[PDB]
Structure formats: structure tokens, C-alpha cells
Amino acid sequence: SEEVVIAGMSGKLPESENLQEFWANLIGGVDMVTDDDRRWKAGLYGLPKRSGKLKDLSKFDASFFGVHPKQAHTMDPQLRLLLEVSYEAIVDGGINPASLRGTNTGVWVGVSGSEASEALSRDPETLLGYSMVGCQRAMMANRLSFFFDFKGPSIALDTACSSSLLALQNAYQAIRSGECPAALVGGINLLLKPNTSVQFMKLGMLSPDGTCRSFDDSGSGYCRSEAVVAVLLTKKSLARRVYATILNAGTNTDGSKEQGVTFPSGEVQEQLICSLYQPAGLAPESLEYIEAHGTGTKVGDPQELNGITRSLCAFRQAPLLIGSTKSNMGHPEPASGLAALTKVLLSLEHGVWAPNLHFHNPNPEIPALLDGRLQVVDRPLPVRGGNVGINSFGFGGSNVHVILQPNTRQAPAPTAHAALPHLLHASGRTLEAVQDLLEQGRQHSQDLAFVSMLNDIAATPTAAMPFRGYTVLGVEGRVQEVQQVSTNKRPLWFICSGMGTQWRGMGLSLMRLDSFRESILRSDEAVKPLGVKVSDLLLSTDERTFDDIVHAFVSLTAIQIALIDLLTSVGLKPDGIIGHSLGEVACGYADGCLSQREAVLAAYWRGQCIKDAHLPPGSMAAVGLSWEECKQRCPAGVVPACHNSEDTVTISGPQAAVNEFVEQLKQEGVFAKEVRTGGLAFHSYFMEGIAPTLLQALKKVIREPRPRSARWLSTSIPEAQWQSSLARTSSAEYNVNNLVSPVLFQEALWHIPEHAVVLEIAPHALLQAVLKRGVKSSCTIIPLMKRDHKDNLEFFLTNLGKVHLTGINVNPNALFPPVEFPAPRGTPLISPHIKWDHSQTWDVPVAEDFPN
């Protein structure tokens, strides 16, 4: 008792480079069996000219999989292709492979041949030991387990034609029982060695026409085909996409039979099917369609379909639809079951059954074809609803049957939170890969499940996926950016900005996000008793509301908090924090020293204690000279107040010297403008008359001071006394000290390391210009809001995408209400849009590499 779902799929089939191409051929009625000379001179040794073949075996993004070129040239192309296809299958489910690393996830691979092994070991003189590691059959599973870090069972298995569906069944049992949370299941077959086809020809199993005429009177054997298919199974609770739910599955074996080991026993096949329906409480009446093995042999077709008649049709009012993918693409031997499973799920996802080919006259030995109890799908029929069965029977008697319940979940009805703009990330091996995924997102921008899944798979280690991109969906522009990434560790720095960042109706754009709004309404609970509401202050576009120092300090800090809350919701944890002036309050919230209440109220009283105080009329001007040069050329009573950069220093004093010894600068052509402080001289001795009343209110607010982490660098206290006990905590004392001490900003920026990402946390990104000058060129400086930007939600999103571009992972899904998985039916496939770096070309065995 644990629910098992088919979550993701991918594959390569005859004439079909991915499952989109496979579908196109299926529903299009294209015969994928061909007669060219791809593997060997068609007709050689009197073999059928027709076989189902893959378009290509020579491509493999070796460096992504950690495989050096010498090892790649000696890998079974089965395995090279299965690595890609496996990755494609996992992400198709909307699951980041990283989230399964180290889990007890299993791998089962159905595989019957190792022809590359034979070829690559033919010459003792020149063969490589690596050939074993890349060709021994166990490695078809073990190398997958090695790459993905799956620590559950890792098993290669052969039951001939039933191998891959057996593999599925084994995986299903492992998940059901609780052994495994998930399973990668594979099926592979290649036609490299002609001698192999000769063996089957001499047994009389191959049709001369190279065609599986499933169910037709003129069936005379099967068509050999290739396939590489992979499917991700998970338990229901882990799944995002859900193609179908596995209701039951089992295997039996024909046993002893008078007629020989390769004569299939319809009677035992019947026993298997019977044992999985009524005994498990599942009615044959619930089936809509059964995918038969259907190899088109004189003997097997009647054994199978008659067994189906006795086990299923006999317990039914309605005709049972029946098909076989082998009619479309031939028989890929152990991969038959997964190949067929692919057709079934593709059919279900598009709402229409892909038809059989080659069905002209029913086999007269099969009563149910003649009386309509079985109805062959020879035209595209719509999917009316119901369960689906699948048979795979190996030529040594090993039988498998699985029962699927299709996922029929419909999409939600759209709501107001769906209409907001959304952010979409991608990563990739090539810029094409990223563009292709972003394009696919633009096109299905309203499918919210699809966008969630694509964001989840975008958070990938940067050495693996060196191109990244983002797009903002649901906005007038075409907002998109894509670039190559530095393999560097990129550390994350929060910068909380000070005064001068206020504006009319700031953050009203971001109240559409629930996490932002809830942070503002929580900031309201702190300052309601004191007669003010931050939401009312934001809403008010009375244009002088933020001239009041209390209105500004409280609103800036409450927003800085809401942004921090967003950044956190999205998974951004800072490596360093730095505050400028009033920013040191928000910094405390970011660091874990201050609760939201403590920070908002520290902002209130910091402003209210200035409002109530008689300080002498003072003013500040930024001036164009160094910190050191400001010591000398200042008069008395004017002091260096903010060390912004080595060019820009704010000074503070009374007008009694500030205006007149600003002109002794600006007559010598030096930069210098007054700043709108609301009439005060901050970060100077002049504020020291606030200390007693502020220190009292803040001791009633910051109950028990908590330590400041190493991550938080003070700008109030110079580096030499970071060890001091004033510095140790964010106390009432630290805060008061900030307000009277200078702002030692460039001093903290000297400590930001190479290749860092720096986020300016503030309702307008005032300090961008300073940060660029003040921190290393190798760093990337990112704003988060602009003043009077038409849409700040868009601006925030675009910049949050810019963080994804650096290499740092970001989950924008958390900004919006959670999507209810399982995803609805018909959510677009992801596997076909996964693009690899296929610039290299690897060796492939040829017919001449085998004996003759």
C-alpha cells in the first residue's frame, strides 16, 4: 500500500529522435521501419531488408556525463543514448535530478544484447580495459546509478522480449513496498551484428517482408527494431506530472509446453491476466484499450488474442479496443514494453489513440476479431475514458502484464493570482537549449503547472549547465536575457539602504504578492497601538506623507523586511550583510538578531525620538573628496558623516559653516550639493541629544539583545572594535550608536570578495552607482525596486532572473500560490525540448567489426 505513478518519460525510436517525433509518426500513420543500409547492406545473408532503426548512434554529450573521450569511444551506444534519455525522462516529470541524488532510488534496465562488447573486445592487442566498463551488461544500469547517485537497486535484466516491462513491474513492486521512493526504468536494443538477425531468421521468427502485421491473417513473423526508452516512476506524493497510476502488474512463465520453448502459451498468458484483475478488485469492464504484444506471428497472435478474449472480453458488455505499436515501428525486443508504454501514454495525453498499421484482413483463428468483441484501432479514435492494459511476452515464456489508470485531472479555472506576471528560468548545455526552453514557456505561459515544472528543473549546478536564461511572462515587453556562466562560487551579499529612498505609493505594485502583503500587514500589527498603519501610508498618494520622518523610517524598514521575506521565500540565504545608516535595522532582521516587531518598532522610535527632540537646525552635503581629505579641509563643527565611496563623502554640521564651507569647495570646482534631511545633521555629534530618550524606548523594544553573526558587517562601528561588546549584539545601544556615529560604508565594501552578487534591498535602488565604484569590478550589483517604475513586480522579477543568470539558484514558484500537483492531463511534454551539446562524434561499431 503506496501509490505508484509514471511521472516522466523520454526515448529514441525508429525514425524518431524524441517522443514528439515518435508521436508525429504514430498518429500520422508513418511506417518507421526502413530498408536503407544503415547497419549492414540490406539483404545481406538473405536477411529481410526492413528493420526499425534509430536515426543516429554517434551523438553523446560526454562531458556532461563525466565521460572522457577515450571512454566515450568505447561505450556501448545503448548506454550513451540511455544516459541522455534517462536525464530527459527525469526532467520530463518536472523533477530536478539533484533532488533524487543520494536517495534509495532504483534502476532497472531491460536489455538483451551487448553487441558493442563483442566488437570492442575483438582484438586483444588494441582493446581497452574501458570497453568492459562501457559495455558489460550490468553497466547499462550501474553507470546510470553512478551518474545520478541513485543508491537503490541497480539491476540489468533479460527475459528477452518482456525485459523492459518486467523491469517496470519490478520497479513498481519496489516503490509499492516502500523500498524505493522512485525508480528509473530503461529498455534498450540495437541492431549492430547481422549474425544475430540470421539466428532469428533461421528460427523462422522474422517475416521476410520485415513487418509486424499485428492481428492480420497475413502475419508471418516480426520485424527487428531498435529503441532506447526510459521512464521515471515515483510514489504519488513526489510526483509533479502524472501520466498514469499503476493499478497492478505481474509476471508469470509459460513453463512446460509440448510444442517447444518458443511456442507461446495463451492459456498461461490468460492465467496471468486473470490473476491481476478480479482478484485485486479491478474489473475487466473498466478497460478501454489493451496494448497487445502483437508481434504478428502465425502462432502467437491467436494465442494472445484468444487469451485476451477468455480473460477480459468474457467479462464485458462493450467491445475492447486493441492495438500494437509493433505494427508502427517493429519489434524492439526487450524494449518492446517501454516502447509500447510510450504510445499508450502519448495517446492518452493527446486524447486520441494512435492506430495500428498493416491491418487488412482479421486473423480467422481469432473469433473475437470476426464478432467485434475485440476492435482493432485501425483509425484514430478519440479517448473515451477507462483503464488501459499492456502485455509483453518474451519468446522464452516470460510474460508480463500491467494495468494503468490514466490521469484525467483537468486544469484549474483561472483566478486573479494567475493573471499576475510570472518569472521563468532555464539552464542548458548550449544557448539554443536555453532559448528553446524559454520559448516553450512563452508559448504556454498560462499553463501554471508547466511553468512550475520548468522552474524546478532550472536549478542545476553551473559546471553541468553552463548557459542560463530567464523570461518574465505576462508583460508588454519581450523581457528575456541569456548568457554563459562562470564556474566560480558566487557569494551573495545583501545591502540594506538608508534614507532618500522613499516615494509616493511605493511597494503598491508588490502587494499583489501574498508574502509581501502579509509582511506589510504584520508590520502594521507592530505600529497600530502607536496610531499608524504602514498599508495606509503606502496607499496614500497624498504626495508629502513621506516627508514625516516617522512615516518614512517605518515605511522604508517595513518594506526592506518584506523584500527580505520574498528573497527568503525564494531560497536566497545571504553570505554577507551590510547596512547604510537606517538600513542597519533591516540588516538585523536579515541576520536573525531582530524579530519583525523589534525592527519595525526600532524604526518607529528612532524617528519619533527625533521628532520629539530639540536638536539645532543642521544640514548635510555629499562632497567630492576622500574620507581623509574631509578631515583637513572641514571647518570646526562640520564633520565627515557617511563614507560612501572614496570619491563621495557626506558631511554634517550646522548651516553656520556647511553652506559657506561648501562654497569654498565649489569655487574650486569640487562636487557638492545640499541633501533633504528634513532639517537635520545626522551621523554626527549633533544627534547626541537623542541618545537618552531613544535608548530608553529601544530598551522597552529590544527585550533581550541577540548576537550579530559574522555575516553581518557593521557600518556604525569601525572594524578595530568589531570585537567590542557594543558590537556583539543588536541592542538598544548599537542602534543609538548608529544614529550618532559616522557611516563607515566603503570600509565594509572593501570586505566583499571577488565574483560576488550584491542585492540592494530598498524601495529604490539609490546606492547602485556607489556600489559599482565601491566594490570590485568582478562583482555583479543588482537592484530590486525603482522609484516610480511603471510595474515594480515586473522589475523585481527581472532582477530576480538576473540572479538566476549568475549561477545562484532561485525558486520563483514560492512567490505565487502553490500549484496543486498532480499536473493536469495534457501539460506539454518536456523531454523533447531538452537539447544537448552534440558537437562531438563518437565511434559506433559497424557490421565489419563482427565475424562472417
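Just count from 1 along the sequence shown to find any residue number.
Between 73-81 and 603-611, the higher mean Cα B-factor belongs to 603-611. The stretch 582-590 shows the higher mean C-alpha B-factor when 351-359 is compared against 582-590 in the entry. Listed residues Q303, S131, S486, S164 were ranked by CA B-factor as deposited; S486 comes out on top. Taking the deposited Cα B-factors for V770, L100, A280, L272, the highest one is held by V770.
Among the modelled residues of its chain, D35 has a C-alpha B-factor that falls in the middle third, as given in the PDB entry. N96 sits in the lowest third of its chain by CA B factor, as recorded in the PDB entry. For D61, the recorded CA temperature factor ranks within the lowest third of the chain's modelled residues.
Remark: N792 belongs to the highest third of its chain, ranked by C-alpha B-factor as recorded. Ranked within its chain, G113 lands in the lowest third, by CA B factor from the PDB record.
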